[PDB]
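Read the structure below first, then the notes.
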Amino acid sequence: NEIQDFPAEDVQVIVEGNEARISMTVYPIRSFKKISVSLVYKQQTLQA
Amino acid sequence: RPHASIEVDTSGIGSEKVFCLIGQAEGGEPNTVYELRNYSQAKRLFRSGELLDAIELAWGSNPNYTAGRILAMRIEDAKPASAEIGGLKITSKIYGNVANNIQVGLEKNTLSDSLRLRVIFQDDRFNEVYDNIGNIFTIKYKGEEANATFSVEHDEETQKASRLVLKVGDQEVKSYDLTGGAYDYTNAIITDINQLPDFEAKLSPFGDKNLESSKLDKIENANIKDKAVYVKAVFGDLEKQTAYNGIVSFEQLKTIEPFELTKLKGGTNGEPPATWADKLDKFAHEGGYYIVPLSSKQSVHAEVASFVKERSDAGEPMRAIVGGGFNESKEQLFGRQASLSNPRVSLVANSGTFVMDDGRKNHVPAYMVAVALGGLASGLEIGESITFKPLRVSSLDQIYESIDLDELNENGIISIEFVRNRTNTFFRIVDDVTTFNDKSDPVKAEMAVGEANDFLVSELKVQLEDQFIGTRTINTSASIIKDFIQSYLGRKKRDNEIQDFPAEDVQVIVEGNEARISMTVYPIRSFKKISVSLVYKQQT
Amino acid sequence: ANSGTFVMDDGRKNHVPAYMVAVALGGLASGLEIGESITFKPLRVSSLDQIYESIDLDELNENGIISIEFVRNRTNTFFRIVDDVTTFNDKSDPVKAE
Amino acid sequence: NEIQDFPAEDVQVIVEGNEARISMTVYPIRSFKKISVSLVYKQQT
Amino acid sequence: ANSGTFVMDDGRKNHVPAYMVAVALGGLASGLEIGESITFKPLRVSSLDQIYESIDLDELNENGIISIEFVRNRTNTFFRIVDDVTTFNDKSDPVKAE
Amino acid sequence: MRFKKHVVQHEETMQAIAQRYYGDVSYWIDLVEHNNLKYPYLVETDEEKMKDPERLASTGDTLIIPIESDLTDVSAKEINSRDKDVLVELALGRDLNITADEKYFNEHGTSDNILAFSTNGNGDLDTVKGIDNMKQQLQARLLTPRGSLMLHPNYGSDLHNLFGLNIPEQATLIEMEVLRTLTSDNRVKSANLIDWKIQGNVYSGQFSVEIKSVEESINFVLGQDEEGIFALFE
Amino acid sequence: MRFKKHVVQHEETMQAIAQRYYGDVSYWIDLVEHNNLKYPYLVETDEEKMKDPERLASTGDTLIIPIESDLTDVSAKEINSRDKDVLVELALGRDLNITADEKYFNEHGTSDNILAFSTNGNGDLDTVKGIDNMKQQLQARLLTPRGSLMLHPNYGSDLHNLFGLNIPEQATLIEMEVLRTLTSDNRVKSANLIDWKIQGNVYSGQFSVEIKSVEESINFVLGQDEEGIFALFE
Amino acid sequence: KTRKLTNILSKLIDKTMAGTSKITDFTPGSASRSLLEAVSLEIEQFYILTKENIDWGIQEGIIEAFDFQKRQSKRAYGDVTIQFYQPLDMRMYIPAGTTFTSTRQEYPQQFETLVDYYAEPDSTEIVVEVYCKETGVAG
Amino acid sequence: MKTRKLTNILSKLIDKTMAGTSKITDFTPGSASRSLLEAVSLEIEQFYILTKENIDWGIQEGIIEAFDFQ
């Protein structure tokens with residue numbers, strides 16, 4: 001859990017001569033610093 | 001190194017709904033909150049007064065729902081008794097006029113050649129004597145020379161013992177400079193003095209005082225060969241005398257002298273404050289929920305109402321119950337309810353009598369009954385109602401009729417109705433209505449319903465803050481959040497603190513910092529009408 | 001921002017300036033795993049010179065200054081860190097601002 | 001008990017003339033140096 | 001590190017240097033099975049010239065030194081081996097250290 | 001011996017009290033005879049009681065009902081929550097706090113000279129009660145080697161010898177030894193494994209301990225009232 | 001008769017010894033009385049013991065505990081590996097080596113004058129012990145014709161007559177005879193066929209022999225301590 | 001005549017309970033019960049010491065005042081000489097329990113040292129004290 | 001046997017306890033420390049009393065035994 005997620009497909013490698021080029025995508029780790037929660041009350045009737 | 005380890009958990013064994021009180025008291029410090037659990041602890045703290053009676057009532061209001069962890073405060077701006085003699089300053093621990101009758105007085109014992117202190121306080125049957133003041137050690141000589149003397153003198157810049165010298169004739173054997181070195185205490189000094197070939201500094205037989213080396217008194221040119229001379233250090237030794245037992249503290253501004261068995265002075269209870277705003281602020285962050293002022297004043301009631309509203313604005317919801325006067329007519333009660341008109345305030349109409357454990361048939365105003373109602377409400381579970389609960393009041397100043405009760409309840413006033421031959425008590429609470437007279441709104445009108453809502457929100461807020469804020473955001477976080485909420489909601493249902501909740505409605509969304517959540521609940525209620533119809537049938 | 005007293009295990013009451021508090025935050029953060037944050041974590045401090053109010057904490061946080069609050073609502077009080085915000089001003093850059 | 005465990009499939013053998021090339025994997029033995037025990041208390045009403 | 005005394009079968013209360021204890025430790029290690037440790041094994045030493053404290057033992061083990069700690073009322077002996085550490089002080093490397 | 005004591009309630013009658021307690025009004029004359037009451041038994045207020053304080057009782061006066069009461073066989077539902085807390089506290093005992101400084105003797109569990117007494121901050125010896133007491137006793141038993149304590153061969157645990165190899169067998173031995181040590185305590189109704197794992201050197205495990213329930217502790221303490229010892233010699 | 005003997009350990013007490021051995025501290029006075037000890041029973045060092053060597057014991061001195069000990073009923077786990085080796089060696093007996101020069105009497109198994117004594121290289125008679133002893137005895141029994149040995153009609157084997165035809169029947173006869181011969185030995189717990197084949201003239205077979213286990217041999221030898229014979233007359 | 005361990009422990013517990021109700025756990029393994037048990041053991045040991053002293057006084061106190069000594073059984077002890085071929089080339093160490101014997105059938109008695117001894121390098125012969133292993137005149 | 005008494009033993013114990021630590025300063029009636037020290041000193045007092053009595057009995061017994069004055 002140092003990173004959130006990453007798609008394996010995006011890991012592409014180009015090799016040519018003495019040079020190696022690599023592309024990737026990573027979803028950075030994050031930490032919660034806000035919580036918003038909504039509550040709703042409702043009537044109920046029970047029978048039998 | 002290799003080693004074994006052991007852990008223990010206890011979180012599974014277990015809000016508490018703490019109850020508060022402010023009023024007049026005969027003892028304890030001013031402007032200071034305390035936590036009370038036992039009656040002996042309150043009796044030690046609060047010597048007497050109405051506040052102690054209110055604590056007793058609260059822990060004896062109901063047989064089955066007495067409250068706990070009551071938070072108490074003294075409103076009297078009292079001061080402690082004090083006195084001055086010679087170079088001493090005398091100050092008592094107790095605040096108020098009670099400390100004036102503490103008796104203090106220094107004497108001298110000729111057999112020991114030592115000062116003596118005696119403190120007597122007949123109200124608590126206190127009587128002790130601190131004999132052998134000073135007299136830390138005896139210097140003795142075993143040689144056969146012409147003379148042998150010692151000398152200790154103070155350093156005037158700091159009043160510390162500059163030197164400590166043993167002499168044979170005129171010259172010195174060995175001198176201990178007490179202002180320096182490692183001889184900070186007398187025992188370091190005596191342990192080395194006894195090692196001399198023909199000298200002893202035996203610590204006094206009157207206990208091991210072990211006083212600072214720098215605080216030795218000023219004695220010079222005394223015969224060791226003829227007498228076991230005493231180095232005293234009266235003031236430093238008084239700390240050892242009054243180390244643990246003693247009502248009165250002492251300080252030195254100078255020389256100390258004996259004096260008569262004199263009583264203290266200056267002890268003042270003080271007038272009561274006109275406004276309790278500064279007093280009330282101390283309960284800003286104490287965690288209390290129900291607070292009841294011990295006062296019949298409408299100004300105090302308005303101040304408390306403002307205080308509980310402010311705390312509820314700050315995320316700390318609070319409720320108040322008020323009352324006053326003896327045998328207040330219905331007009332005054334309606335005027336008080338119209339003046340307040342607050343959901344988070346409840347008014348009590350009836351005043352009566354209570355049988356204390358001490359045997360006193362204490363006839364009290366109405367706010368003492370509001371204390372008792374508050375202590376019963378706090379005793380109840382979260383969201384349980386004080387409707388039809390026994391009160392155990394001995395008698396009441398009025399017996400309202402079925403029309404008077406209906407008028408009081410329609411005006412949002414709590415009232416107690418006389419009832420005969422019930423198993424518990426001869427009285428019960430008719431309703432848990434608030435001053436807000438909008439009966440259509442169940443949250444504001446009913447004390448129980450709004451308390452359930454407030455405790456539900458506060459517990460949800462605290463748990464969400466404690467758990468997930470400041471942690472990591474991973475793939476499992478959302479599922480975990482949903483599971484934790486569902487578990488919490490199932491716990492609440494299991495405790496009967498809600499009616500029911502649909503589990504599927506709980507949704508969680510996570511995006512960067514935020515965590516958006518939504519849910520549905522069916523809230524708790526307690527019955528207020530019960531109907532039963534019968535059908536008769538026969539066979540031919 | 002905060003400075004306070006740390007009660008040493010040796011018994012000395014170390015009434016120390018704010019950079020020793022920063023040393024305590026750095027020693028706390030060093031033991032935390034990569035990606036974690038010192039936000040809302042306990043500081044293990046005995047007392048603080050100032051008890052900042054909600055308005056003060058909010059002002060310190062918006063200005064990018066770390067502060068510590070004293071929780072008294074709970075049954076047992078402890079000091080916890082409010083944020084790990086850096087001195088960088090622009091909040092639009094979450095990488096640099098945290 | 002002189003090793004913890006070994007996967008049998010990982011053992012490979014190759015023979016070519018004189019040589020015999022072999023490869024394998026093992027989980028090696030250890031003796032405990034910390035032992036931890038946590039307890040949880042519960043009650044019924 | 002520790003040197004002490006041993007009760008011979010002949011009855012001699014032989015006070016010996018530390019290498020005789022290293023003999024005894026070697027003979028106990030060879031007695032053990034392949035890969036079994038000499039940790040916390042009884043030694044049956046009569047007495048020792050020193051009784052190191054829990055801090056002194058921690059310092060010796062952190063310096064890769066074997067030491068013996070006094071222990072009371074155990075079923076076998078009144079002493080045990082604390083650790084089977086080597087002089088190589090790289091505790092991260094388990095082969096060389098243990 | 002113990003008897004019930006009744007406080008006179010507002011406009012109560014002796015017949016109602018007799019019906020309430022004896023389950024029949026006929027005992028009201030016995031109640032008068034035992035309490036030595038004149039004909040206006042329950043006066044309206046203290047002004048009437050001034051006429052004859054000896055032979056009359058007013059509202060708020062305490063009557064005696066000579067029925068042999070006993071604290072056991074009392075419905076736990078009536079008992080107040082604070083009373084239940086105190087009762088379980090008495091049942092689980094009070095003892096001097098020695099497991100203070102958890103970190104230190106957790107860092108050196110197998111060694112001696114690991115724990116010590118402490119002060120409560122009010123100049124008196126520290127004390128652990130109820131659940132804290134049970135924690136202290138269970139920690140001390142688990143930490144104590146078996147047979148090392150004088151006058152008590154069986155008290156302790158064999159964990160000091162279970163520093164064996166890293167295989168499931170030694171894990172099972174540890175688990176069985178810990179269950180034995182926990183079962184040895186009379187107050188522990190049962191104990192059982194939750195989860196364990198091995199991380200090379202380090203072993204980790206956790207257990208679940210069910211102490212005797214509130215009802216059983218209440219019954220035990222209220223039974224002890226007959227003897228008055230209110231102490232634990234288990 | 002045999003008793004336990006305890007070496008005084010560092011800072012030991014008589015109460016601890018009593019608890020350790022008798023399972024109760026109360027016997028410490030009996031331990032003092034039997035050992036004839038003065039009040040400082042276990043002095044710190046020999047300098048104190050010089051004051052009264054007769055009535056005082058120091059660290060490293062041996063005490064006597066009069067508890068009737070017996071070498072049987074002792075947990076084999078305590079016994080040292082060398083002690084177990086010696087015990088099984090005693091159980092399986094020591095005998096003069098006669099099966100030396102295996103090749104010679106293997107080339108002439110059926111004939112007489114095939115084996116002879118030998119020297120150990122140290123000018124003493126050669127000896128075979130433990131497994132070598134069992135090998136020697138089993139070889140000698142199998143090689144001996146049955147009834148040829150004086151004073152022992154049944155000792156031997158009938159293999160000298162089983163030089164029959166090359167069919168499975170004679171193979172089975174050989175196998176049954178060999179199993180009989182091996183079973184005849186008391187120490188052989190069981191024997192069973194592994195594999196056999198026929199190559200025209202030559203027959204070949206192999207067997208598996210399970211001698212008595214270490215535990216049984218230990219129990220037997222430690223039981224023999226009561227008699228002190230430590231010898232084999234099977 | 002004398003108290004014992006169980007009685008001392010019981011009285012200690014009863015006095016503790018009477019002094020205060022703040023302690024009620026007196027089960028095995030309790031710190032407080034352990035402390036009282038240790039005190040009780042020490043007191044019982046002092047009782048045995050007093051018993052031994054009085055048993056000695058009953059049979060030896062009076063007669064001793066008249067210059068009459070009861071002959072105690074003792075181990076035969078004395079000094080022996082050990083001679084070296086040359087001055088010692090290092091500090092020799094003789095551990096306690098080092099045995100000395102005689103090459104005769106008339107005296108199979110064995111003698112041993114009860115203390116450690118050191119011979120300095122400069123020395124050439126050192127005397128030590130040896131104690132007969134058996135009490136009686138046989139030594 | 002010097003015939004010590006309970007009060008002096010308890011005072012000595014409390015004084016040493018105070019001297020070894022400044023934390024413990026509550027030796028009032030009903031305190032745990034005071035009860036424990038009181039019990040210990042009471043047992044010491046009883047030991048001393050019975051030791052004195054046993055010595056007196058021992059002197060009588062040695063007088064009987066020495067002269068065989070049955």
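FYI, nothing fancy with the structure tokens labels: chains A, B, ... in order, residues from 1 per chain, ligands from 1 as they appear.
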Cα RMSD of chain E after least-squares fit onto chain C, all atoms paired in order: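 Across all paired C-alpha atoms, the RMSD is 1.4 Å.
Within 12 Å of residue 137 of chain H there are residues 72, 73, 74, 75, 76, 77, 107, 109, 132, 133, 134, 135 and 139 of chain H, counting only C-alpha atoms and ignoring same-chain residues fewer than 2 positions away.
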Atoms kept (N, CA and C atoms) for selection, written as a PDB file, in the first residue's frame:
ATOM      1  N   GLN H  72      32.500 -31.844  71.071  1.00  0.00           N
ATOM      2  CA  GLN H  72      31.790 -31.964  69.808  1.00  0.00           C
ATOM      3  C   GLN H  72      32.567 -32.875  68.861  1.00  0.00           C
ATOM      4  N   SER H  73      31.845 -33.606  68.017  1.00  0.00           N
ATOM      5  CA  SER H  73      32.513 -34.364  66.966  1.00  0.00           C
ATOM      6  C   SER H  73      33.112 -33.412  65.934  1.00  0.00           C
ATOM      7  N   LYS H  74      34.377 -33.646  65.571  1.00  0.00           N
ATOM      8  CA  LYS H  74      35.122 -32.776  64.668  1.00  0.00           C
ATOM      9  C   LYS H  74      35.826 -33.595  63.594  1.00  0.00           C
ATOM     10  N   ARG H  75      36.097 -32.932  62.470  1.00  0.00           N
ATOM     11  CA  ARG H  75      36.931 -33.482  61.411  1.00  0.00           C
ATOM     12  C   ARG H  75      38.396 -33.204  61.735  1.00  0.00           C
ATOM     13  N   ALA H  76      39.224 -34.239  61.629  1.00  0.00           N
ATOM     14  CA  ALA H  76      40.659 -34.090  61.831  1.00  0.00           C
ATOM     15  C   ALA H  76      41.238 -33.177  60.759  1.00  0.00           C
ATOM     16  N   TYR H  77      41.986 -32.159  61.186  1.00  0.00           N
ATOM     17  CA  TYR H  77      42.575 -31.197  60.269  1.00  0.00           C
ATOM     18  C   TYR H  77      43.978 -30.845  60.739  1.00  0.00           C
ATOM     19  N   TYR H 107      46.045 -46.383  56.345  1.00  0.00           N
ATOM     20  CA  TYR H 107      45.381 -45.080  56.381  1.00  0.00           C
ATOM     21  C   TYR H 107      44.691 -44.793  55.052  1.00  0.00           C
ATOM     22  N   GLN H 109      42.206 -42.938  54.791  1.00  0.00           N
ATOM     23  CA  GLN H 109      41.491 -41.687  54.986  1.00  0.00           C
ATOM     24  C   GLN H 109      41.894 -40.672  53.925  1.00  0.00           C
ATOM     25  N   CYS H 132      39.970 -33.759  57.126  1.00  0.00           N
ATOM     26  CA  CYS H 132      39.622 -35.155  56.890  1.00  0.00           C
ATOM     27  C   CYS H 132      38.162 -35.260  56.469  1.00  0.00           C
ATOM     28  N   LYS H 133      37.882 -36.055  55.431  1.00  0.00           N
ATOM     29  CA  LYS H 133      36.508 -36.126  54.946  1.00  0.00           C
ATOM     30  C   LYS H 133      35.545 -36.764  55.946  1.00  0.00           C
ATOM     31  N   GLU H 134      36.048 -37.494  56.939  1.00  0.00           N
ATOM     32  CA  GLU H 134      35.224 -38.253  57.869  1.00  0.00           C
ATOM     33  C   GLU H 134      35.421 -37.720  59.282  1.00  0.00           C
ATOM     34  N   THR H 135      34.316 -37.524  60.002  1.00  0.00           N
ATOM     35  CA  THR H 135      34.401 -37.169  61.410  1.00  0.00           C
ATOM     36  C   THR H 135      34.802 -38.393  62.221  1.00  0.00           C
ATOM     37  N   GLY H 139      40.550 -39.892  61.468  1.00  0.00           N
ATOM     38  CA  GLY H 139      41.351 -38.911  60.776  1.00  0.00           C
ATOM     39  C   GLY H 139      42.610 -38.472  61.488  1.00  0.00           C
TER      40      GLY H 139
END
Which residues of chain I come within 8 Å of chain F, and what is each one's closest atom pair and distance in Å (one decimal), counting only C-alpha atoms, sorted by chain and residue number, as a Markdown table?
| residue | atom | partner | partner_atom | distance |
| --- | --- | --- | --- | --- |
| I:23 | CA | F:123 | CA | 5.7 |
| I:24 | CA | F:123 | CA | 4.4 |
| I:25 | CA | F:123 | CA | 4.6 |
| I:26 | CA | F:123 | CA | 4.8 |
| I:27 | CA | F:124 | CA | 7.5 |
| I:31 | CA | F:124 | CA | 6.9 |
| I:32 | CA | F:125 | CA | 6.6 |
| I:33 | CA | F:125 | CA | 6.6 |
Keeping C-alpha atoms for every residue in the selection just given, could you write it to a file as a PDB file, in the first residue's frame?
ATOM      1  CA  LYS I  23       6.257   9.568  46.425  1.00  0.00           C
ATOM      2  CA  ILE I  24       4.699   7.531  49.249  1.00  0.00           C
ATOM      3  CA  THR I  25       3.248  10.093  51.689  1.00  0.00           C
ATOM      4  CA  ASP I  26      -0.172   8.612  52.616  1.00  0.00           C
ATOM      5  CA  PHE I  27       0.082   6.543  55.823  1.00  0.00           C
ATOM      6  CA  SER I  31      -4.355   2.891  53.710  1.00  0.00           C
ATOM      7  CA  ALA I  32      -2.890  -0.223  52.113  1.00  0.00           C
ATOM      8  CA  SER I  33       0.735   0.504  53.072  1.00  0.00           C
TER       9      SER I  33
END
Find the spatial neighbours of residue 22 of chain D, counting only C-alpha atoms, within a cut-off of 8 Å - ignore same-chain residues fewer than 5 positions away - and output them as a PDB file with N, CA, C and O atoms, in the first residue's frame.
ATOM      1  N   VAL D  11      12.713 -28.980  -8.209  1.00  0.00           N
ATOM      2  CA  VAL D  11      13.916 -29.764  -8.461  1.00  0.00           C
ATOM      3  C   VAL D  11      13.963 -30.093  -9.949  1.00  0.00           C
ATOM      4  O   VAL D  11      13.012 -30.660 -10.499  1.00  0.00           O
ATOM      5  N   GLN D  12      15.025 -29.652 -10.618  1.00  0.00           N
ATOM      6  CA  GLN D  12      15.277 -29.955 -12.018  1.00  0.00           C
ATOM      7  C   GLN D  12      16.662 -30.562 -12.197  1.00  0.00           C
ATOM      8  O   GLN D  12      17.600 -30.250 -11.457  1.00  0.00           O
ATOM      9  N   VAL D  13      16.768 -31.446 -13.189  1.00  0.00           N
ATOM     10  CA  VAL D  13      18.001 -32.150 -13.516  1.00  0.00           C
ATOM     11  C   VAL D  13      18.163 -32.098 -15.027  1.00  0.00           C
ATOM     12  O   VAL D  13      17.198 -32.295 -15.774  1.00  0.00           O
ATOM     13  N   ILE D  14      19.388 -31.828 -15.471  1.00  0.00           N
ATOM     14  CA  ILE D  14      19.751 -31.834 -16.882  1.00  0.00           C
ATOM     15  C   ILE D  14      21.071 -32.585 -16.985  1.00  0.00           C
ATOM     16  O   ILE D  14      21.989 -32.338 -16.196  1.00  0.00           O
TER      17      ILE D  14
END
12 Å contact set for residue 46 of chain A, only C-alpha atoms, chain neighbours under 4 positions out, as a ChimeraX atom specification: /B:499-500,522
Okay, now the selection with C-alpha atoms, as a JSON list (two decimals), in the first residue's frame?
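Output file out13.json is given in full below:
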[["chain", "number", "residue", "atom", "x", "y", "z"],
["B", 499, "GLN", "CA", -35.68, 0.63, 15.14],
["B", 500, "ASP", "CA", -34.09, -0.66, 11.91],
["B", 522, "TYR", "CA", -35.71, 4.21, 11.05]]
Up to 10 Å from chain E, what residues of chain H turn up? Count only C-alpha atoms and give them as a PDB file with N, CA and C atoms, in the first residue's frame.
ATOM      1  N   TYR H  93      47.521 -22.357  40.964  1.00  0.00           N
ATOM      2  CA  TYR H  93      46.220 -22.296  41.626  1.00  0.00           C
ATOM      3  C   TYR H  93      45.731 -23.686  42.018  1.00  0.00           C
ATOM      4  N   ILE H  94      45.423 -23.853  43.305  1.00  0.00           N
ATOM      5  CA  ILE H  94      44.914 -25.101  43.877  1.00  0.00           C
ATOM      6  C   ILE H  94      43.436 -24.909  44.235  1.00  0.00           C
ATOM      7  N   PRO H  95      42.466 -25.480  43.512  1.00  0.00           N
ATOM      8  CA  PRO H  95      41.061 -25.195  43.843  1.00  0.00           C
ATOM      9  C   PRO H  95      40.594 -25.915  45.105  1.00  0.00           C
ATOM     10  N   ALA H  96      39.539 -25.368  45.717  1.00  0.00           N
ATOM     11  CA  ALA H  96      38.972 -25.988  46.909  1.00  0.00           C
ATOM     12  C   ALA H  96      38.449 -27.378  46.577  1.00  0.00           C
ATOM     13  N   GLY H  97      38.638 -28.309  47.513  1.00  0.00           N
ATOM     14  CA  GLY H  97      38.318 -29.701  47.290  1.00  0.00           C
ATOM     15  C   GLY H  97      39.455 -30.534  46.740  1.00  0.00           C
ATOM     16  N   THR H  98      40.642 -29.948  46.563  1.00  0.00           N
ATOM     17  CA  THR H  98      41.790 -30.696  46.066  1.00  0.00           C
ATOM     18  C   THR H  98      42.152 -31.767  47.084  1.00  0.00           C
ATOM     19  N   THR H  99      42.216 -33.013  46.626  1.00  0.00           N
ATOM     20  CA  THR H  99      42.290 -34.158  47.519  1.00  0.00           C
ATOM     21  C   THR H  99      43.741 -34.531  47.802  1.00  0.00           C
ATOM     22  N   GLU H 112      41.029 -33.218  52.187  1.00  0.00           N
ATOM     23  CA  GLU H 112      40.813 -32.230  51.143  1.00  0.00           C
ATOM     24  C   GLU H 112      40.886 -30.831  51.736  1.00  0.00           C
ATOM     25  N   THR H 113      41.283 -29.875  50.900  1.00  0.00           N
ATOM     26  CA  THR H 113      41.261 -28.472  51.283  1.00  0.00           C
ATOM     27  C   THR H 113      39.839 -27.944  51.179  1.00  0.00           C
ATOM     28  N   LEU H 114      39.468 -27.079  52.122  1.00  0.00           N
ATOM     29  CA  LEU H 114      38.164 -26.437  52.130  1.00  0.00           C
ATOM     30  C   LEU H 114      38.203 -25.011  51.610  1.00  0.00           C
ATOM     31  N   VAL H 115      39.361 -24.520  51.153  1.00  0.00           N
ATOM     32  CA  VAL H 115      39.455 -23.160  50.631  1.00  0.00           C
ATOM     33  C   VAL H 115      40.434 -23.125  49.465  1.00  0.00           C
ATOM     34  N   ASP H 116      40.305 -22.096  48.633  1.00  0.00           N
ATOM     35  CA  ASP H 116      41.251 -21.920  47.545  1.00  0.00           C
ATOM     36  C   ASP H 116      42.598 -21.474  48.097  1.00  0.00           C
TER      37      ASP H 116
END
Between C:95, C:45, C:28, C:60, which one has atoms that come closest to chain A, using only C-alpha atoms?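 That would be C:95, the residue with the smallest distance to chain A.
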Pull the closest atom pair for each residue of chain D that gets at most 6 Å from chain B, along with the distance in Å to one decimal, counting only C-alpha atoms, ordering rows by chain and then ascending residue number, as a tab-separated table.
residue	atom	partner	partner_atom	distance
D:33	CA	B:2	CA	4.8
D:34	CA	B:3	CA	5.6
D:35	CA	B:4	CA	5.0
D:36	CA	B:5	CA	4.7
D:37	CA	B:6	CA	4.8
D:38	CA	B:7	CA	4.1
D:39	CA	B:8	CA	4.5
D:40	CA	B:9	CA	4.7
D:41	CA	B:10	CA	5.7
D:42	CA	B:13	CA	5.5
File dump, residues just selected, N, CA, C and O atoms, as a short mmCIF file (atom, residue, chain, number, x, y, z; two decimals), in the first residue's frame:
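Once written, selection.cif looks like this:
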data_model
loop_
_atom_site.label_atom_id
_atom_site.label_comp_id
_atom_site.auth_asym_id
_atom_site.auth_seq_id
_atom_site.Cartn_x
_atom_site.Cartn_y
_atom_site.Cartn_z
N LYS D 33 12.91 -16.61 18.19
CA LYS D 33 13.57 -15.63 19.05
C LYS D 33 12.64 -14.53 19.57
O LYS D 33 13.09 -13.73 20.39
N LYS D 34 11.39 -14.48 19.12
CA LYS D 34 10.37 -13.71 19.82
C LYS D 34 9.05 -14.45 19.73
O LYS D 34 8.69 -14.99 18.68
N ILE D 35 8.35 -14.49 20.86
CA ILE D 35 7.07 -15.17 21.00
C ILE D 35 6.10 -14.15 21.58
O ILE D 35 6.33 -13.64 22.68
N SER D 36 5.03 -13.84 20.83
CA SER D 36 4.04 -12.84 21.21
C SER D 36 2.69 -13.50 21.42
O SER D 36 2.33 -14.45 20.72
N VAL D 37 1.94 -13.00 22.41
CA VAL D 37 0.65 -13.55 22.81
C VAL D 37 -0.25 -12.38 23.22
O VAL D 37 0.09 -11.66 24.16
N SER D 38 -1.39 -12.21 22.53
CA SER D 38 -2.37 -11.19 22.91
C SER D 38 -3.67 -11.84 23.38
O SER D 38 -4.09 -12.88 22.87
N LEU D 39 -4.32 -11.20 24.35
CA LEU D 39 -5.52 -11.73 24.97
C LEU D 39 -6.67 -10.76 24.74
O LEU D 39 -6.46 -9.55 24.60
N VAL D 40 -7.89 -11.30 24.69
CA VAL D 40 -9.10 -10.49 24.54
C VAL D 40 -10.10 -10.92 25.60
O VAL D 40 -10.39 -12.12 25.73
N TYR D 41 -10.65 -9.95 26.33
CA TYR D 41 -11.59 -10.23 27.41
C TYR D 41 -13.01 -9.93 26.94
O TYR D 41 -13.24 -8.93 26.25
N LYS D 42 -13.95 -10.77 27.35
CA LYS D 42 -15.34 -10.62 26.93
C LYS D 42 -16.23 -11.09 28.08
O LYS D 42 -15.81 -11.91 28.90
#
I'd like a table as CSV: residues in chain G with an atom no more than 8 Å from chain E, each row giving the shortest atom pair and its distance in Å to one decimal, only C-alpha atoms counted, sorted by chain and rising residue number.
residue,atom,partner,partner_atom,distance
G:9,CA,E:46,CA,6.4
G:10,CA,E:47,CA,6.3
G:12,CA,E:73,CA,7.7
G:16,CA,E:73,CA,7.3
G:20,CA,E:75,CA,7.6
G:59,CA,E:46,CA,7.6
G:60,CA,E:7,CA,6.3
Segment 128-209 of chain F: residues DSSP assigns to alpha helix (DSSP H), reported as a PyMOL selection string: chain F and resi 131-143+168-184
List every residue of chain A that has an atom at most 12 Å from any atom of chain C, giving for each one its closest atom pair and the distance in Å to one decimal, counting only C-alpha atoms, sorted by chain and then by ascending residue number, as a tab-separated table.
residue	atom	partner	partner_atom	distance
A:1	CA	C:35	CA	8.0
A:2	CA	C:35	CA	5.6
A:3	CA	C:35	CA	7.8
A:4	CA	C:35	CA	10.1
A:28	CA	C:35	CA	9.2
A:29	CA	C:35	CA	6.5
A:30	CA	C:35	CA	7.6
A:31	CA	C:36	CA	7.4
A:32	CA	C:39	CA	9.6
A:33	CA	C:39	CA	8.7
A:34	CA	C:83	CA	11.9
